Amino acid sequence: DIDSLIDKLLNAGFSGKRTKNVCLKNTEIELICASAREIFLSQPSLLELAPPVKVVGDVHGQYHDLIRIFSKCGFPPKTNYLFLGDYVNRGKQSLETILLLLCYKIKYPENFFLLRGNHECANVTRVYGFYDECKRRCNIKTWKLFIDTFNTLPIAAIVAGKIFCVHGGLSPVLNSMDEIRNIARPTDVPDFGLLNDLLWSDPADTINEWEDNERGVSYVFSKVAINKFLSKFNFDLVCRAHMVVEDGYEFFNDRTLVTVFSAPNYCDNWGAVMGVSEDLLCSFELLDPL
């Protein structure tokens, strides 16, 4: 009964009820992670999606703001969704956030899509909150079942052959799209390599194409890297998240790249959600900080 689990999750979300225990039992959480993992593995590491679709950035366990997104932008399945990752850590309701997204994935496998962020891995959840949230509100076995599910999340999506969607950004070794298709799953996230770069890198107005990233891992890529990447693969836009931006979204390099960040008041930033029409027109819907 996936419908009842959604209604229970949305009930807690509509009311703002804040409890130590999750509204779903650990046995129900286990079955959700199992069904979603199987669905993720049956679909490619590189998704190919057709418009219309709305693209959501970092949520980071801000479950109330996920409810605001669905209430304003439309609940599934009448709105097709692509999430760019970073569902857990920092927010006090990471469990409700990832559980609702996984349930929608189970119910609408071909109309609801979730990419991997750099926070959907074992080591980052141990440092930034979601490990402790699982230990306090559920158990370590439940946390391991989430990591097993995270390790199957796809890595990038291409919308109408023209919009490349990834959580972090580009890579000096992204030489073909099949290198993303052939990323074996399940997998952890290494400290280095194409997979690490796709989830960790950031754009900048730097003098050099590639420089080490101030976050302590991966790279920052320049406008030249974007131009060469869009030209080589015949894309019009790079759509990514990963980086908090004051106005919810921010174009970069003559609107060849956009950052979509969907966690309002993360540090007092707006949140934004990008809509892609059938004719590949990009518009946005805003989420105020308070």
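Note that residue numbering begins at 1 and tracks the sequence as displayed.
The stretch of deposited sequence separating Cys267 from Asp268 contains 1 to 3 residues lacking coordinates in this entry.
Of the two segments examined, 195 to 203 and 103 to 111, it is 103 to 111 that shows the higher average Cα temperature factor in the deposited entry. As listed in the deposited structure, the average C-alpha B-factor of 22 to 30 and of 247 to 255 is greater for 22 to 30.
Of the residues listed, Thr187, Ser171, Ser94, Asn182, the entry assigns the biggest Cα temperature factor to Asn182. Among the modelled residues of its chain, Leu153 has a C-alpha B-factor that falls in the lowest third, as given in the PDB entry. Ranked against the other modelled residues of its chain, the C-alpha B-factor of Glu120 as given in the entry falls in the lowest third.
Annotation for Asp86: CA B-factor lies in the lowest third of the chain's modelled residues. Split the chain's modelled residues into thirds by C-alpha temperature factor. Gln43 is in the lowest one. Ranked against the other modelled residues of its chain, the C-alpha B-factor of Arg37 as given in the entry falls in the highest third.
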